[PDB]
Amino acid sequence: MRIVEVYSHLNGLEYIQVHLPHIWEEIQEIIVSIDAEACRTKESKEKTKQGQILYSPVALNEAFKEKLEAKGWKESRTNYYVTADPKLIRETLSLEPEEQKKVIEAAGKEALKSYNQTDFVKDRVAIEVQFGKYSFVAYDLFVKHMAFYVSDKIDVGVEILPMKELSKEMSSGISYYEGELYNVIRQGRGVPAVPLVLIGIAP
Amino acid sequence: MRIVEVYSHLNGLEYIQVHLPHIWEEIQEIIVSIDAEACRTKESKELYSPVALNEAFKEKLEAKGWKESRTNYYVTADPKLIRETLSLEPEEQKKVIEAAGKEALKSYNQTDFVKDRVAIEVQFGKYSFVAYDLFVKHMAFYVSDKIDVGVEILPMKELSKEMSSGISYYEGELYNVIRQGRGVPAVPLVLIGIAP
DNA sequence: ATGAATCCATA
DNA sequence: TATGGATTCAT
């Protein structure tokens, strides 16, 4: 596949190029190695596209998974305890799971265990590949990548998305690069706090 | 139903209390007037129905004048052009983007309840919906100058545990916001956690 | 009886 | 026509 657009948020791309140059080389290689044609096997049942053979998100997801795990990218999970008290939250935000619980419960407040898990993490870099609803991209950017960043698990996050040129060749209602880039820029300079590299791809 | 927790983000609640006091009174009244018992369902988990709770609020809100709204905007691949057209109106964004020789893509956000420049998102859905509501939907109306403060109604954990799996809860979403750091997102908000 | 995948009711 | 959320579909 082709890398059409790349956006470096908080200079996350430069950080990788300086500290983890092999990671950037590897990500580009993985994308270039994906044969989008072999993933064009989803026969649409939508009335507005009845019969068209579209790119399959399932096939695309499998293709990336195969290449990433083959390069040593592995699943990672980060745990943390949440609570209703804003102050206790700010206090335990950067502490270890065990201490977060201890601190919250020590104040007589209920500690609720939660977490975030992602399939592709390597050398303190997390990659998310998304071919689905708009809401999941917001969740990835402002919650998942952030959770791993705050818990000191990754230094930069990466989000791979289909350009509009590709999303229009998939089932309707799928998030695309241009739209998600806009959602991030709309936040204003410096938000979110986690450095990121947004990548828009096409066949 | 009852309000268990309230979080004023960027003093959004105070903003409403000063400029639109009738809105805060109305929001409280509506929550109190909803009977969670009439929103129960016969289904087991590994209960209260999200659809029923949603319809309950929808009825009350629309009866009080809350109506759906939509904000349009043109997106594009060039970051510089985005920052230049963020605050402009739809047709003007298109104009500016296409004049720079770039492709302009029509998009928008739509929400069910808006009134007196306030948006209320009732949310009894899957885990990714609140993040989208806060960082995308509310921000879109705020940046397009359609609302001054956003409101998010969510179930407390004690209610979500009595609902189908995967439903986000107040304590967790509050955490997601505060984890961003002070002042983020940029739109003033009032997060409200409820229980039966 | 969940999480995805994916269809489609409106503005 | 694109989004938001409804509905359908593999576990």
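These numbers come from the heavy atoms of this one structure, side chains and all, not from hydrogens, waters or symmetry mates. Labels below follow one simple rule: chain letters A, B, ... track the order of the sequence lines, proteins then strands, and each chain is numbered from 1.
- The footprint of chain A on DNA chain D, defined by a heavy-atom cutoff below 4.0 Å, extends from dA2(D) to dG5(D).
- Between the side chain of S8(B) and the backbone N or O of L13(B), at least one donor-acceptor pair lies under 3.5 Å.
- Following rounding to the nearest Å, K42(A) (NZ) and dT6(C) (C1') show an atom-to-atom distance of 6 Å.
- Straight-line distance from the CD atom of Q117(A) to the P atom of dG3(C): 12 Å, rounded to whole Å.
- The closest donor-acceptor contact from the side chain of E178(A) to the backbone of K164(A) lies under 3.5 Å.
- Side-chain contact check for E46(A) and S172(A): at least one donor-acceptor pair (N or O, by modelled atom type) lies under 3.5 Å.
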**Message:** Checking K74(A) against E69(A) for the salt bridge (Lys or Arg N to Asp or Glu O under 4.0 Å) test, could you report, in this order, the C-alpha distance in whole Å, the side-chain angles of both residues, the deciding distance, and whether it holds?
**Reply:** CA-CA 6 Å; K74(A) 298 178 179 174; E69(A) 304 196 330; over 6 Å; no

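- Panel note: side chain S144(B), backbone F141(B); no donor-acceptor pair is recorded below 3.5 Å.
- For the pair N109(B) and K45(A), nearest-nucleotide mapping onto DNA chain D gives the more 5' position to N109(B).
- Counting to the nearest Å, the P atom of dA4(C) and the CD atom of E128(A) are 11 Å from each other.
- Of the residues near DNA chain C, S56(A) and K126(B), the one whose nearest nucleotide (by heavy atom distance) lies more toward the 5' end is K126(B).
- Rounded to whole angstrom, the span from the CG atom of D119(A) across to the P atom of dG3(C) amounts to 15 Å.
- Among the atoms of the strands shown, none is found under 4.0 Å from any heavy atom of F124(B).
- A straight line from CG of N72(B) to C1' of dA11(C) spans 9 Å, rounded to a whole angstrom.
- Residue-level contact check: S172(A) touches the bases, meaning some heavy atom is under 4.0 Å from a base atom.
- The distance from atom NZ of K67(B) to atom P of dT10(C) is 17 Å, rounded to the nearest whole Å.
- A donor-acceptor contact shorter than 3.5 Å links the side chain of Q93(B) to the backbone of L88(B).
- Of the two grooves, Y134(A) contacts the major one, by the criterion of a side-chain heavy atom less than 5.0 Å from a groove atom.
- A residue-by-residue look at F136(A) and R70(B) shows that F136(A) has its nearest nucleotide of DNA chain C further toward the 5' end.
- In summary, the aromatic rings of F113(B) and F57(B) are positioned with their centroids too far apart to meet the 6.0 Å limit.
- Between the CE atom of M163(B) and the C1' atom of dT2(C) there is a distance of 15 Å, rounded to whole Å.
- Residue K49(A) contributes atom NZ, which lies 12 Å from atom P of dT6(C) at whole-angstrom precision.
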